[PDB]
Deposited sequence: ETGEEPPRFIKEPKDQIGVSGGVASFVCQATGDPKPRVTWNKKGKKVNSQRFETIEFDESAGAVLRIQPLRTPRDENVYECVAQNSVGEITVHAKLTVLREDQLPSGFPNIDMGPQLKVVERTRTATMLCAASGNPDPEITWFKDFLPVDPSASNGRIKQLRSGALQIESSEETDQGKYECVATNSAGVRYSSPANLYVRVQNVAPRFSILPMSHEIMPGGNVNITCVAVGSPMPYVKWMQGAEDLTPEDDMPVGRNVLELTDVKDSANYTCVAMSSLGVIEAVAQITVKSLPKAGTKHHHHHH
């Protein structure tokens, strides 16, 4: 038995109409505490097995949202309260130094293990402090053990991208004038894990001496396989330029019968299919 205490408490906020405001609040204890905040535009997002909670108001409408909000915490021992004030202005009423997003993040795809750098440039007076959110919850780069870090520019740099880094990112600029949210941007993390297989097999043929036949080989997969030709030991396709996906063996003037082999190959496998001219 032990009463709960807040690891993080909510701060007061000054928002802009049409934009977003978020209030964060989590606590720890034994047994675990359960946090609660107290409408279509209001939404709650839990974390840390319910012990954390984020209130998100979007879009902001003034002065209806302009109130105080409490974050309670239930426990077998007791419960505590924490306050946080919301203010909301309109675009035509924003102070000169209110934060503005000059360049926000944008829809991006990153292949697994590669680096994703979610850009964000913001002005204001004083210069705003950039935080980031992902799936309506704040990003904590310090928790990543060096893999994720914010650059001096505000950019969120995600090295060694993994599947869980996929999600809806938005950069947030805060200063004494208030808080401005960017247009959201989805990050997609691409895994390429499909072994190569033939889509169009080479056809066997019978021909007269010269004797013009093209033989087509088409293979698919993710990554997309190279496709080269061989007649037994000797390979016809030169390495310098080897086709990906599709390779059509043009035979000009043929005299004797021979068996041609198509090899499709990627990092996930090698496949073979034979075409025999008679």
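Absence of C-alpha coordinates is noted for several segments of the deposited sequence, namely 1 to 3, 42 to 48, 289 to 304.
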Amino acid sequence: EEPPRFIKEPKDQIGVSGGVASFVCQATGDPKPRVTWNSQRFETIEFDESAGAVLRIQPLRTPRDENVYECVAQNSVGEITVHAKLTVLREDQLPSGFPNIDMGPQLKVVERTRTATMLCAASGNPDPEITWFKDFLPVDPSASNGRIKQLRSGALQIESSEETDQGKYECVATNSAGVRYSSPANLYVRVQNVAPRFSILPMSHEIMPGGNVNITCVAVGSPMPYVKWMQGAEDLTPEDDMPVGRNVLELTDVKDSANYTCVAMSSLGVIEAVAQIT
From here on, numbers count along this sequence of modelled residues.
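Per-stretch averaging of Cα B factors for 237 to 245 and 26 to 34 places 26 to 34 on top.
As the entry records it, the average C-alpha temperature factor is higher for 1 to 9, out of 269 to 277 and 1 to 9. Considering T216, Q58, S222, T252 together, the PDB entry gives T252 the largest C-alpha B factor. Going by the entry's values, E79 shows the largest Cα B-factor out of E79, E159, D140, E163. In the PDB entry, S176 places in the middle third of its chain by CA B-factor.
Residue-level temperature factors show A264 in the lowest third of its chain, judged at the C-alpha atom. Sorting the modelled residues of the chain by their CA temperature factor places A53 in the middle third. Ranked within its chain, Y226 lands in the lowest third, by CA B factor from the PDB record. Annotation for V110: CA B-factor lies in the lowest third of the chain's modelled residues.
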